[PDB]
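Below: model.cif (mmCIF, C-alpha atoms)
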```cif
data_data
loop_
_atom_site.label_atom_id
_atom_site.label_comp_id
_atom_site.auth_asym_id
_atom_site.auth_seq_id
_atom_site.Cartn_x
_atom_site.Cartn_y
_atom_site.Cartn_z
CA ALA O 106 17.07 -7.18 11.86
CA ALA O 107 14.76 -9.64 13.62
CA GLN O 108 10.97 -9.30 13.56
CA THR O 109 9.63 -12.01 15.91
CA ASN O 110 6.80 -14.56 16.37
CA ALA O 111 6.60 -14.11 12.61
CA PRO O 112 4.35 -15.69 9.97
CA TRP O 113 5.92 -19.11 9.56
CA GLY O 114 6.67 -18.31 5.89
CA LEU O 115 8.95 -15.43 6.76
CA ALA O 116 10.46 -17.40 9.58
CA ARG O 117 11.10 -20.44 7.34
CA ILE O 118 12.99 -18.50 4.66
CA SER O 119 15.21 -16.86 7.30
CA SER O 120 16.14 -20.29 8.62
CA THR O 121 18.02 -23.31 7.17
CA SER O 122 15.56 -25.68 9.03
CA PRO O 123 11.98 -25.55 10.42
CA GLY O 124 10.76 -24.94 14.01
CA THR O 125 11.45 -21.20 14.43
CA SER O 126 9.31 -17.99 14.73
CA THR O 127 11.58 -15.11 13.83
CA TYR O 128 12.11 -13.42 10.47
CA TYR O 129 15.68 -12.23 10.36
CA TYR O 130 16.58 -9.92 7.55
CA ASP O 131 18.76 -6.99 6.72
CA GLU O 132 18.52 -3.35 7.67
CA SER O 133 17.99 -2.53 3.89
CA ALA O 134 14.84 -4.67 4.03
CA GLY O 135 14.12 -4.32 0.29
CA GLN O 136 14.15 -0.48 0.41
CA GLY O 137 14.08 1.06 -3.12
CA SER O 138 13.20 -1.77 -5.52
CA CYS O 139 9.79 -2.01 -7.18
CA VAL O 140 7.43 -4.90 -7.05
CA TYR O 141 4.53 -5.41 -9.46
CA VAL O 142 1.51 -6.92 -7.91
CA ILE O 143 -0.41 -8.22 -10.96
CA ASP O 144 -3.64 -9.44 -9.35
CA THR O 145 -6.87 -7.77 -8.20
CA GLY O 146 -4.64 -4.86 -7.14
CA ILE O 147 -4.27 -3.52 -3.59
CA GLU O 148 -6.11 -1.73 -0.80
CA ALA O 149 -3.20 0.61 -0.03
CA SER O 150 -5.25 2.50 2.58
CA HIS O 151 -4.57 -0.56 4.77
CA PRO O 152 -2.30 0.57 7.69
CA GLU O 153 0.37 -2.18 7.18
CA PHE O 154 1.62 -0.53 4.00
CA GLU O 155 2.26 3.01 5.33
CA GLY O 156 1.57 4.24 1.79
CA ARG O 157 4.23 2.33 -0.08
CA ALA O 158 1.28 0.89 -2.04
CA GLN O 159 -0.59 2.31 -5.04
CA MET O 160 -2.95 1.13 -7.78
CA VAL O 161 -1.09 2.05 -10.96
CA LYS O 162 -3.41 0.63 -13.61
CA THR O 163 -6.69 -1.12 -13.65
CA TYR O 164 -8.19 -2.75 -16.67
CA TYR O 165 -11.48 -2.46 -14.71
CA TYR O 166 -13.56 0.45 -13.42
CA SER O 167 -12.53 0.41 -9.70
CA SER O 168 -8.86 0.58 -8.76
CA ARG O 169 -9.92 -0.06 -5.14
CA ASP O 170 -9.45 -3.79 -4.48
CA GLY O 171 -12.58 -5.95 -4.25
CA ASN O 172 -11.54 -9.62 -4.02
CA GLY O 173 -8.73 -9.14 -1.52
CA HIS O 174 -6.39 -11.95 -2.50
CA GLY O 175 -4.70 -9.21 -4.52
CA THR O 176 -4.01 -7.10 -1.45
CA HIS O 177 -3.25 -10.17 0.60
CA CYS O 178 -0.17 -11.05 -1.38
CA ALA O 179 1.05 -7.46 -1.61
CA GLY O 180 1.02 -7.81 2.15
CA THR O 181 3.34 -10.80 1.96
CA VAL O 182 5.57 -9.08 -0.58
CA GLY O 183 6.15 -6.00 1.58
CA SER O 184 3.81 -4.98 4.37
CA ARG O 185 5.58 -3.89 7.49
CA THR O 186 4.55 -6.86 9.58
CA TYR O 187 3.71 -9.69 7.19
CA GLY O 188 6.07 -8.60 4.48
CA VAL O 189 9.31 -10.07 3.22
CA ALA O 190 10.72 -6.86 1.72
CA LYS O 191 9.41 -4.62 4.44
CA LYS O 192 10.64 -1.30 2.93
CA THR O 193 9.73 -1.89 -0.77
CA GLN O 194 7.24 0.10 -2.91
CA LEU O 195 4.30 -1.85 -4.31
CA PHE O 196 2.41 -1.34 -7.55
CA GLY O 197 -1.01 -2.77 -8.05
CA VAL O 198 -2.14 -3.60 -11.50
CA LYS O 199 -5.73 -4.83 -11.71
CA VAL O 200 -6.01 -7.53 -14.36
CA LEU O 201 -8.63 -9.66 -12.57
CA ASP O 202 -12.28 -9.69 -11.72
CA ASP O 203 -13.37 -9.45 -8.07
CA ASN O 204 -14.48 -13.11 -8.36
CA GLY O 205 -10.95 -14.36 -9.22
CA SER O 206 -11.06 -14.94 -13.01
CA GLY O 207 -10.17 -12.57 -15.91
CA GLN O 208 -9.45 -12.50 -19.62
CA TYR O 209 -6.17 -13.65 -21.13
CA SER O 210 -6.26 -10.51 -23.29
CA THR O 211 -6.24 -8.58 -20.09
CA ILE O 212 -3.39 -10.49 -18.41
CA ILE O 213 -1.13 -10.17 -21.45
CA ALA O 214 -2.18 -6.56 -21.50
CA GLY O 215 -0.98 -6.28 -17.91
CA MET O 216 2.13 -8.33 -18.51
CA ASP O 217 2.96 -5.89 -21.38
CA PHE O 218 2.05 -2.90 -19.13
CA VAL O 219 4.77 -3.58 -16.54
CA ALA O 220 7.36 -3.77 -19.35
CA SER O 221 6.30 -0.13 -19.93
CA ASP O 222 5.64 1.03 -16.33
CA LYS O 223 9.15 0.11 -15.10
CA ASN O 224 10.57 3.05 -17.03
CA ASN O 225 7.92 5.41 -15.55
CA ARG O 226 8.83 4.49 -11.94
CA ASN O 227 12.11 4.62 -10.08
CA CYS O 228 13.53 1.06 -9.83
CA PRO O 229 17.29 1.42 -9.61
CA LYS O 230 17.66 -1.85 -7.65
CA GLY O 231 15.21 -3.45 -10.03
CA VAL O 232 11.70 -4.35 -10.81
CA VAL O 233 9.99 -7.52 -9.71
CA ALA O 234 6.57 -8.71 -10.72
CA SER O 235 4.34 -11.36 -9.19
CA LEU O 236 1.78 -13.41 -11.20
CA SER O 237 -0.35 -15.17 -8.51
CA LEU O 238 -2.32 -16.45 -11.48
CA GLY O 239 -2.52 -18.58 -14.55
CA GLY O 240 -4.58 -21.21 -16.21
CA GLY O 241 -4.35 -23.43 -19.28
CA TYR O 242 -1.29 -23.37 -21.49
CA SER O 243 -1.37 -20.47 -23.94
CA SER O 244 1.84 -19.70 -25.86
CA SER O 245 0.97 -15.98 -25.77
CA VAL O 246 0.64 -15.85 -21.95
CA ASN O 247 4.01 -17.65 -21.78
CA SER O 248 5.55 -15.20 -24.27
CA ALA O 249 3.90 -12.48 -22.15
CA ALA O 250 6.19 -13.55 -19.31
CA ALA O 251 9.40 -14.22 -21.29
CA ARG O 252 8.86 -10.88 -23.08
CA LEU O 253 8.40 -9.30 -19.66
CA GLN O 254 11.43 -11.23 -18.36
CA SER O 255 13.65 -10.26 -21.30
CA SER O 256 12.95 -6.61 -20.36
CA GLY O 257 14.93 -6.92 -17.07
CA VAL O 258 11.97 -7.47 -14.79
CA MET O 259 12.32 -10.52 -12.58
CA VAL O 260 9.05 -12.39 -13.03
CA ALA O 261 7.95 -14.82 -10.33
CA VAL O 262 5.06 -17.04 -11.41
CA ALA O 263 2.94 -19.50 -9.49
CA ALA O 264 2.74 -23.14 -10.47
CA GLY O 265 -0.89 -23.78 -9.33
CA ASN O 266 -3.37 -25.63 -7.11
CA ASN O 267 -3.95 -28.46 -9.60
CA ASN O 268 -1.41 -31.14 -8.39
CA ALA O 269 -0.38 -31.88 -11.98
CA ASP O 270 2.84 -31.13 -13.65
CA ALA O 271 2.93 -27.37 -14.02
CA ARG O 272 3.98 -27.85 -17.71
CA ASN O 273 0.28 -27.67 -18.67
CA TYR O 274 -0.21 -24.23 -17.18
CA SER O 275 0.74 -20.66 -18.12
CA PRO O 276 2.47 -18.42 -17.23
CA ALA O 277 4.15 -21.16 -15.06
CA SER O 278 5.33 -23.32 -17.99
CA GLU O 279 7.62 -20.64 -19.44
CA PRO O 280 11.40 -21.44 -19.63
CA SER O 281 12.96 -18.15 -18.42
CA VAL O 282 10.81 -17.12 -15.38
CA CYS O 283 10.71 -18.45 -11.78
CA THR O 284 7.93 -21.01 -11.36
CA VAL O 285 7.17 -21.45 -7.63
CA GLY O 286 5.66 -24.34 -5.62
CA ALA O 287 4.54 -24.40 -2.00
CA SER O 288 5.79 -25.93 1.23
CA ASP O 289 3.87 -26.34 4.46
CA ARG O 290 5.57 -25.54 7.80
CA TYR O 291 6.69 -29.20 8.19
CA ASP O 292 8.63 -29.06 4.86
CA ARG O 293 6.17 -31.17 2.89
CA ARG O 294 5.24 -30.05 -0.55
CA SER O 295 1.57 -29.07 -0.05
CA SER O 296 -0.76 -31.40 -1.97
CA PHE O 297 -2.30 -28.37 -3.75
CA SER O 298 1.19 -27.62 -5.23
CA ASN O 299 1.84 -28.05 -9.03
CA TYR O 300 5.17 -29.74 -9.73
CA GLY O 301 7.49 -30.61 -12.69
CA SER O 302 10.96 -30.22 -14.21
CA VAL O 303 9.99 -26.70 -15.24
CA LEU O 304 10.03 -25.58 -11.58
CA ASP O 305 12.98 -23.87 -9.85
CA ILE O 306 11.81 -23.27 -6.22
CA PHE O 307 9.25 -23.92 -3.39
CA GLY O 308 8.15 -21.00 -1.18
CA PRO O 309 5.85 -21.10 1.86
CA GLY O 310 2.34 -21.32 0.44
CA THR O 311 0.28 -23.36 3.00
CA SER O 312 -1.52 -21.22 5.67
CA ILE O 313 0.21 -17.84 5.02
CA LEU O 314 -0.94 -15.00 7.31
CA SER O 315 -0.96 -11.67 5.45
CA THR O 316 -2.92 -8.40 4.98
CA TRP O 317 -6.53 -8.35 3.81
CA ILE O 318 -9.02 -5.87 2.41
CA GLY O 319 -11.03 -3.72 4.81
CA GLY O 320 -7.95 -3.17 6.99
CA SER O 321 -7.91 -6.71 8.35
CA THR O 322 -5.41 -9.50 8.09
CA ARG O 323 -5.80 -13.24 7.48
CA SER O 324 -4.45 -16.74 6.67
CA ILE O 325 -5.02 -18.46 3.36
CA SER O 326 -3.79 -21.49 1.40
CA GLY O 327 -2.02 -21.53 -1.99
CA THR O 328 1.12 -21.53 -4.18
CA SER O 329 -0.26 -18.10 -5.02
CA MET O 330 1.09 -17.20 -1.56
CA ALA O 331 4.42 -18.90 -2.14
CA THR O 332 5.06 -16.54 -5.05
CA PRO O 333 5.38 -13.21 -3.23
CA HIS O 334 7.59 -14.85 -0.67
CA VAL O 335 10.04 -15.43 -3.47
CA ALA O 336 9.06 -12.11 -5.13
CA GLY O 337 9.49 -10.03 -1.93
CA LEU O 338 12.66 -12.03 -1.40
CA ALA O 339 13.94 -11.14 -4.91
CA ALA O 340 12.91 -7.56 -4.18
CA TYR O 341 14.84 -8.01 -0.94
CA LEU O 342 18.01 -9.21 -2.70
CA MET O 343 18.10 -6.97 -5.78
CA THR O 344 18.09 -4.30 -3.09
CA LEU O 345 21.06 -6.00 -1.15
CA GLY O 346 22.76 -5.91 -4.58
CA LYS O 347 23.07 -9.60 -5.31
CA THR O 348 21.68 -10.05 -8.87
CA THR O 349 20.06 -8.46 -11.93
CA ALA O 350 16.42 -9.10 -12.78
CA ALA O 351 17.47 -11.85 -15.25
CA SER O 352 19.98 -13.59 -12.90
CA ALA O 353 17.82 -13.61 -9.73
CA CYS O 354 15.81 -16.69 -10.67
CA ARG O 355 19.04 -18.72 -10.64
CA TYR O 356 20.65 -16.97 -7.69
CA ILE O 357 17.53 -17.62 -5.64
CA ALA O 358 17.70 -21.25 -6.84
CA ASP O 359 21.49 -21.49 -6.36
CA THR O 360 21.45 -20.25 -2.77
CA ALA O 361 18.52 -22.39 -1.53
CA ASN O 362 18.11 -25.20 0.97
CA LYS O 363 18.75 -28.31 -1.07
CA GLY O 364 16.87 -31.53 -0.19
CA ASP O 365 14.81 -29.98 2.61
CA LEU O 366 11.43 -31.09 1.32
CA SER O 367 9.32 -34.17 1.52
CA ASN O 368 6.64 -35.05 -1.06
CA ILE O 369 8.92 -34.32 -4.02
CA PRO O 370 7.85 -36.44 -7.01
CA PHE O 371 10.62 -37.54 -9.31
CA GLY O 372 11.74 -34.87 -11.74
CA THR O 373 10.59 -32.02 -9.57
CA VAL O 374 13.13 -29.84 -7.74
CA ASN O 375 14.05 -30.29 -4.03
CA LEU O 376 14.93 -26.64 -3.17
CA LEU O 377 13.32 -24.36 -0.61
CA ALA O 378 14.06 -20.62 -0.80
CA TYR O 379 16.30 -18.90 1.76
CA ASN O 380 17.43 -15.36 2.30
CA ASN O 381 20.91 -16.42 3.34
CA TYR O 382 21.21 -13.55 5.85
CA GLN O 383 24.38 -13.88 7.97
CA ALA O 384 22.80 -12.06 10.91
#
```
Now that the file is in, can you turn its structure into structure tokens?
Amino acid sequence: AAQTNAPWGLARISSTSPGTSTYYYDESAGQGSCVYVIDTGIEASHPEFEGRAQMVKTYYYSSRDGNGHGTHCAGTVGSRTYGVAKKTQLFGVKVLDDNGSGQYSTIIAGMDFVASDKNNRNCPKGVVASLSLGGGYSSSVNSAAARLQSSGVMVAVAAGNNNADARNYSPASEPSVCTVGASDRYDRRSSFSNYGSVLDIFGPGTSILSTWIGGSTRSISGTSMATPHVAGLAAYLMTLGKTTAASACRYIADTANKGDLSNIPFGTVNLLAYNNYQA
């Protein structure tokens, strides 16, 4: 399959080198795995989804998504057009306020909730979760990902805007999960990317065009956005039948484009993610 003039992210991961606008991917397309959008949830009534989206839990009053960045990244996970895993089902948790922030009680809550929910949904191919989130180191929030990870849910966590070493930040810091950094179209680590030995991968995170609340669609900037790309990709590949939840984070890392990046400070990884699709 070959969806064209594609968001550079999608195009980049389909391709061993930059300067291409076509997302190639399988027929499967991530059909039948589950992805766990842990953000400000989703506006599933957006056309792009076709009703593969649903708000499964909301630690707030209104399931309906307010901020949008939540929905946005669900779009990059698996909308029809902007999505990596175009055929996947998508499950909004709402752990965040509609002005971005939210309590660590309530993230851990929602990290613990997907460990539950995965039984209550049908995820033969396997569950993924995205945490386009984090803040200061907190051993709990890290355990709240390794606990989630130990369950057989592939967790993909963002590294952060802060241009530090990601070691300071949770749930990025965690050993077991997939920390993700962000490339720009010219294969430079974006300067808003958080780096470190901890990391295992760089997605596309600079200027990603995806869905947006109120039916619209737009382009935003963040490692936040690099996460689904890997998430939707791990959804894509657990579907193709190429890993468990616990082995994906390596197999994504093992089958990546080594030494493709510029702006890689010493210690940090030099991988960019790649769907490896012999078209």
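Distance annotation: of O:346, O:319, O:171, O:239, the residue with the minimal separation from residue 152 (chain O) is O:319; atom set is all atoms listed in the file.
Evaluating the PyMOL selection byres ((chain O and resi 335) around 8) against the shown model yields residues 261, 285, 308, 331, 332, 333, 334, 336, 337, 338, 339 and 378 of chain O.
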Since I can't run it myself right now, could you work out what the PyMOL selection byres ((chain O and resi 150) around 12) selects here and report it as a PDB file with C-alpha atoms, keeping the file's coordinate frame?
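Saved file part09.pdb follows:
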```pdb
ATOM      1  CA  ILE O 147      -4.270  -3.520  -3.590  1.00  0.00           C
ATOM      2  CA  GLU O 148      -6.110  -1.730  -0.800  1.00  0.00           C
ATOM      3  CA  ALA O 149      -3.200   0.610  -0.030  1.00  0.00           C
ATOM      4  CA  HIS O 151      -4.570  -0.560   4.770  1.00  0.00           C
ATOM      5  CA  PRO O 152      -2.300   0.570   7.690  1.00  0.00           C
ATOM      6  CA  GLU O 153       0.370  -2.180   7.180  1.00  0.00           C
ATOM      7  CA  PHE O 154       1.620  -0.530   4.000  1.00  0.00           C
ATOM      8  CA  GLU O 155       2.260   3.010   5.330  1.00  0.00           C
ATOM      9  CA  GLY O 156       1.570   4.240   1.790  1.00  0.00           C
ATOM     10  CA  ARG O 157       4.230   2.330  -0.080  1.00  0.00           C
ATOM     11  CA  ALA O 158       1.280   0.890  -2.040  1.00  0.00           C
ATOM     12  CA  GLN O 159      -0.590   2.310  -5.040  1.00  0.00           C
ATOM     13  CA  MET O 160      -2.950   1.130  -7.780  1.00  0.00           C
ATOM     14  CA  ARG O 169      -9.920  -0.060  -5.140  1.00  0.00           C
ATOM     15  CA  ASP O 170      -9.450  -3.790  -4.480  1.00  0.00           C
ATOM     16  CA  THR O 176      -4.010  -7.100  -1.450  1.00  0.00           C
ATOM     17  CA  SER O 184       3.810  -4.980   4.370  1.00  0.00           C
ATOM     18  CA  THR O 316      -2.920  -8.400   4.980  1.00  0.00           C
ATOM     19  CA  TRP O 317      -6.530  -8.350   3.810  1.00  0.00           C
ATOM     20  CA  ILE O 318      -9.020  -5.870   2.410  1.00  0.00           C
ATOM     21  CA  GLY O 319     -11.030  -3.720   4.810  1.00  0.00           C
ATOM     22  CA  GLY O 320      -7.950  -3.170   6.990  1.00  0.00           C
ATOM     23  CA  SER O 321      -7.910  -6.710   8.350  1.00  0.00           C
TER      24      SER O 321
END
```
*Find the residues near residue 363 (chain O): any atom within 8 Å, counting all atoms listed in the file, skip ones fewer than 5 places away on the same chain, and give them as a PyMOL selection string.*
chain O and resi 375-377
_Here's the selection I'm unsure about, the PyMOL selection byres ((chain O and resi 351) around 7); applied to the file above, which residues does it give, as a ChimeraX atom specification?_
/O:254,257,259,349-350,352-354
_Can you tell me which residues surround residue 255 (chain O) at a distance of at most 10 Å, considering all atoms listed in the file, apart from same-chain residues fewer than 5 positions away, and format the answer as a PyMOL selection string?_
chain O and resi 220+248+250+260+281-282+350-351
